[PDB]
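J.: Chains as they are written, first to last, in the numbering used here: chain A, 1 to 231; chain G, 1 to 231; chain L, 1 to 10; chain Z, 1 to 10. Backbone N, C-alpha and C fix where the C-beta goes; we use that ideal spot for every residue, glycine too.
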Amino acid sequence: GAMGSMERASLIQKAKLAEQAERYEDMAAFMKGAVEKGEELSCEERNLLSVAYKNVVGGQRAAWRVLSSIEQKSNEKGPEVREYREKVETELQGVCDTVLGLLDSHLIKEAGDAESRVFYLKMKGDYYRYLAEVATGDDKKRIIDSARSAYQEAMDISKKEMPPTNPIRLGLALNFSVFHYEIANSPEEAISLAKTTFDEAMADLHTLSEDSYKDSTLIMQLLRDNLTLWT
Amino acid sequence: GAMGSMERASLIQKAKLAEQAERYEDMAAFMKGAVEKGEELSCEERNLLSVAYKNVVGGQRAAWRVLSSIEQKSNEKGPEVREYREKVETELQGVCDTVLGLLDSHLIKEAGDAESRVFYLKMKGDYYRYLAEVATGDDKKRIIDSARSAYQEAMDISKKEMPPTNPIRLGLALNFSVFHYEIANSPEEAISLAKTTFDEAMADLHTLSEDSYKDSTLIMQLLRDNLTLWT
Amino acid sequence: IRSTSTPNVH
Amino acid sequence: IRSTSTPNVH
Ligand SMILES: *CC(=O)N1CC[C@@]2(CCN(S(=O)(=O)c3ccc(Br)c(F)c3)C2)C1
Ligand SMILES: *CC(=O)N1CC[C@@]2(CCN(S(=O)(=O)c3ccc(Br)c(F)c3)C2)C1
Ligand SMILES: [Cl-]
Ligand SMILES: [Cl-]
Ligand SMILES: [Mg+2]
Ligand SMILES: [Mg+2]
Ligand SMILES: [Mg+2]
Ligand SMILES: [Mg+2]
Ligand SMILES: [Mg+2]
Ligand SMILES: [Mg+2]
Ligand SMILES: [Mg+2]
Numbered sequence: 001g002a003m004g005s006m007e008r009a010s011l012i013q014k015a016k017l018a019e020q021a022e023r024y025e026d027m028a029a030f031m032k033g034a035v036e037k038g039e040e041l042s043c044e045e046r047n048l049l050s051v052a053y054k055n056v057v058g059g060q061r062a063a064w065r066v067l068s069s070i071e072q073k074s075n076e077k078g079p080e081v082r083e084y085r086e087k088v089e090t091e092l093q094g095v096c097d098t099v100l101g102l103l104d105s106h107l108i109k110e111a112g113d114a115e116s117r118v119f120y121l122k123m124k125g126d127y128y129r130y131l132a133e134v135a136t137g138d139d140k141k142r143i144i145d146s147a148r149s150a151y152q153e154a155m156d157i158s159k160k161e162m163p164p165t166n167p168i169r170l171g172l173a174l175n176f177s178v179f180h181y182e183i184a185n186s187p188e189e190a191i192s193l194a195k196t197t198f199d200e201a202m203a204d205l206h207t208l209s210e211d212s213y214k215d216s217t218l219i220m221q222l223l224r225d226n227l228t229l230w231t
Numbered sequence: 001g002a003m004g005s006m007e008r009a010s011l012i013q014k015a016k017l018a019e020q021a022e023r024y025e026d027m028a029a030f031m032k033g034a035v036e037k038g039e040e041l042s043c044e045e046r047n048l049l050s051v052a053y054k055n056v057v058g059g060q061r062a063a064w065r066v067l068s069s070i071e072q073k074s075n076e077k078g079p080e081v082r083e084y085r086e087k088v089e090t091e092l093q094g095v096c097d098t099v100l101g102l103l104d105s106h107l108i109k110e111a112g113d114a115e116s117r118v119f120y121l122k123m124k125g126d127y128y129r130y131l132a133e134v135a136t137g138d139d140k141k142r143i144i145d146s147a148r149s150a151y152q153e154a155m156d157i158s159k160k161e162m163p164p165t166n167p168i169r170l171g172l173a174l175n176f177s178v179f180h181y182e183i184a185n186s187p188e189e190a191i192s193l194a195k196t197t198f199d200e201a202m203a204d205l206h207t208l209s210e211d212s213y214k215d216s217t218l219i220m221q222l223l224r225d226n227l228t229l230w231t
Numbered sequence: 001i002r003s004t005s006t007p008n009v010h
Numbered sequence: 001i002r003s004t005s006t007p008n009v010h
């Protein structure tokens, strides 16, 4: 592809520049190029990949929600709202497919540390979840199952291999709880997971790490905020 | 082009949806499609065109400035910063060329009301000005002359045909003054134009229009703010 | 109000 | 600080 001729180190460098310039589509392209070199990503590099694609898909989800709301309200009319919602939807699905493709073809492996394996399986769950937000019919049930299965595998590893305050473990649990509440229509499972996650993190607060405690405490608060919203 | 099969009214409708969804590249593409139908744009439609392209080029300018600043600071080093700055620059120039192409091929005419003629010539000045921000050498002198000539023609029409509080007249004068200060390195001309514009608007304040006085008074304040900055 | 998920924070 | 130009509002 388009990044084939560029050195890995140069792609990482340009991803960082694109982040500074708030050029997230470019950032995502650079990081895809870096992934396709076929070497593992470090923690910091996984962050770049994550930030880039989350920004791109986040803009699409926000746009999709606006248009879907106009559409639903207009179904209480020409084809234009539906057409444009479908256009944005198609682009969103394409970005999710790209991410899921990278995860499957390059990033998800049996080897590597717990952090990397959990992070990538969390990411697989997230991008299936984003597909599930716009899916209908047959496709939707399948997508939801794929999301659940990725999250559950990530959860199994995180509980065995990571401290209960680890930010990836916490972020995974937060996102899985959101899946349960918003996607799978299982509020009780959502509440239970979020409560267990928060309580176990507090009980072993001493496991906070010097280099990530700010991220941990932020996710702990987001768990508490959802618990307040859901009860 | 890609919007050739879509009805004009549908393109306008979708531009409005894209604006609501903050999808400004889409908005610009829809409005380009509408322009290419070859009918005049109304005031409201000119607004959609303006908002869309200004958002797109605004993001590119902001990104270019970040990268240019990193570049200048790194020249106190591999090629990556320069390369990526050039990439963003090339895209920005592409957008300006698109806009200038639309203005020349479709929108700038001898006929039509004063508002439309002034608006399009102002827009021509602005997009040459954006080209001038990133230009060098012979290309730059040509670009600056083109910007000045567009603005001056717009000014001549506005002073003959529009009240001194008209928001297009004021916005043109504001932007031409910025050209003088930031591009043409003529602070005295900038100050003089901004002062004259503000004072003449105040002197004939009674010409404010019921449907645009909020825009007028906003530009008057921006003239004052620049005058405070420049003195 | 949608549930909050993991933010895109560096 | 850069001079302010016409904003992208209406
Ligand atoms: C070390 C490693 O692999 N990391 C750290 C950063 C990141 C990229 C995104 N996450 S996350 O989704 O698990 C997460 C995001 C935000 C926050 Br505040 C958080 F605690 C976790 C892990 C890859
Ligand atoms: C009637 C007409 O042709 N209009 C009204 C809106 C607009 C689109 C952009 N301008 S402008 O650049 O002259 C301008 C922008 C903002 C403000 Br607050 C302003 F007063 C003027 C005119 C086209
Ligand atoms: Cl469409
Ligand atoms: Cl580049
Ligand atoms: Mg390489
Ligand atoms: Mg669809
Ligand atoms: Mg204990
Ligand atoms: Mg046609
Ligand atoms: Mg040195
Ligand atoms: Mg150049
Ligand atoms: Mg001089």
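#1: Candidates G:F176, G:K160, G:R117: which alpha carbon is nearest G:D145's?
#2: Contact criterion: CB-CB distance below 8 Å. Does A:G58 meet it with respect to chain L?
#3: Just by C-beta distance, which residues in the segment 141 to 158 of chain A are closer than 8 Å to chain L?
#4: Exposed or buried, A:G59, counting other C-beta atoms within 10 Å across all chains shown (16 or more means buried)?
#5: Hey, is G:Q72's beta-carbon within less than 8 Å of any beta-carbon in chain A?
#6: Does A:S105 pass the burial test, meaning 16 or more other C-beta atoms within 10 Å, or should it be called exposed?
#7: Between which two residues does the alpha helix (DSSP H) carrying G:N55 extend?
#8: Please tell me whether A:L218 has its Cβ less than 8 Å away from any Cβ of chain L.
#9: Looking at C-beta atoms only, is the number of pairs between the segment 13 to 27 of chain G and the segment 204 to 224 of chain A that lie closer than 8 Å three or more?
#10: Do G:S216 and G:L229 have their C-beta atoms within less than 8 Å of each other?
#11: Should A:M155 be labelled buried (16 or more other beta-carbon atoms within 10 Å of its own) or exposed?
#12: Taking only the alpha-carbon atoms, compute the straight-line gap between A:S158 and A:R82 and give it to the nearest angstrom.
#13: Got a sec? Which residues, its chain only, sit under 6 Å from A:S212 by beta carbon, not counting five neighbours each side?
#14: Take G:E22 as the anchor and find which of A:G94, A:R65, A:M202 has the nearest alpha-carbon.
#15: If distances are taken between C-alpha atoms only, which option among A:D204, A:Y181, A:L205 comes closest to A:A194?
#16: Which residues neighbour ligand 11 when neighbourhood means a C-beta less than 7 Å away from any of its non-hydrogen atoms? List them by chain order.
#17: When you compare each of G:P79, G:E133, G:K87, G:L121 to G:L102 by their alpha carbons, which one comes out closest?
#18: At the level of alpha carbons, what is the spacing between A:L67 and A:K160?
#19: So, A:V57 versus A:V95, is the Cβ gap smaller than 8 Å?
#20: For a contact defined as C-beta to C-beta under 8 Å, what are the partners of G:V66 on chain Z?
#21: Check whether the segment 1 to 14 of chain G touches the segment 35 to 46 of chain G, counting contact only when three or more Cβ pairs, one atom from each stretch, lie closer than 8 Å.
#22: For A:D138, does the count of other Cβ atoms within 10 angstroms reach 16, so buried, or fall short, so exposed?
#23: Could you check which residue in G:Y53, G:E71, G:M123 has the C-alpha nearest to that of G:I108?
#24: Under 7 Å, CB to CB, which of the residues in the segment 162 to 177 of chain G have a partner in chain Z?
#25: Could one say the Cβ of G:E182 lies closer than 8 Å to chain Z's Cβ atoms, at least one of them?
#26: Let me know if L:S5 comes out buried or exposed under the rule of 16 or more other beta-carbons within 10 Å of its beta-carbon.
#27: To which residues of the same chain is G:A63 closer than 8 Å at the C-beta, ignoring the five residues directly before and after it?
#28: Just the chain L side, please: which residues come within less than 8 Å of A:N226 by C-beta, in chain order?
#29: Can a CB atom of chain Z be found closer than 8 Å to the CB of G:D215?
#30: I'd like to know whether the C-beta atoms of A:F198 and A:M220 end up nearer to each other than 8 Å.
#31: Are G:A150 and G:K140 close, meaning C-beta to C-beta below 8 Å?
#32: Leaving out the 5 sequence neighbours to the left and right, which residues in its chain are closer than 6 Å to G:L48 when beta-carbon positions are compared?
#33: Can you look up A:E39 in the DSSP assignment and give me helix, strand or coil?
#34: Between G:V35 and the rest of its own chain, which residues show a CB-CB distance below 8 Å, the 5 nearest in sequence each way excluded?
#35: Which residues in chain A have a C-beta closer than 9 Å to the C-beta of G:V51? List them in chain order.
T.: On the basis of the coordinates in this document:
#1: G:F176
#2: yes
#3: none
#4: buried
#5: With respect to chain A, the C-beta atom of G:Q72 has no partner C-beta closer than 8 Å.
#6: exposed
#7: 43 to 73
#8: yes
#9: no
#10: no
#11: buried
#12: Answer to the nearest angstrom: the Cα atoms are 41 Å apart.
#13: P167
#14: A:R65
#15: Relative to A:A194, the option among A:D204, A:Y181, A:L205 whose CA is nearest is A:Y181.
#16: G:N185, G:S186
#17: G:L121
#18: Going by the C-alpha atoms only, they are around 42 Å apart.
#19: yes
#20: Correct list: empty, because the minimum Cβ distance to chain Z is about 13 Å.
#21: yes
#22: The Cβ neighbour count for A:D138, taken over all protein chains shown within 10 Å, is under 16; the residue is labelled exposed.
#23: Looking at the Cα atoms, G:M123 is the closest of the given residues.
#24: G171, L174, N175
#25: Chain Z contact via Cβ: present.
#26: Around the CB of L:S5, 16 or more other CB atoms lie within 10 Å, so the residue is classed as buried.
#27: Once the five neighbours on either side are set aside, the close Cβ partners of G:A63 are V88.
#28: Within chain L, the residues near A:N226 are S3, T4.
#29: yes
#30: yes
#31: no
#32: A15, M31
#33: coil
#34: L41, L49, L102, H106, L107
#35: Neighbours of G:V51 on chain A: none; closest Cβ ~16 Å, over 9 Å.
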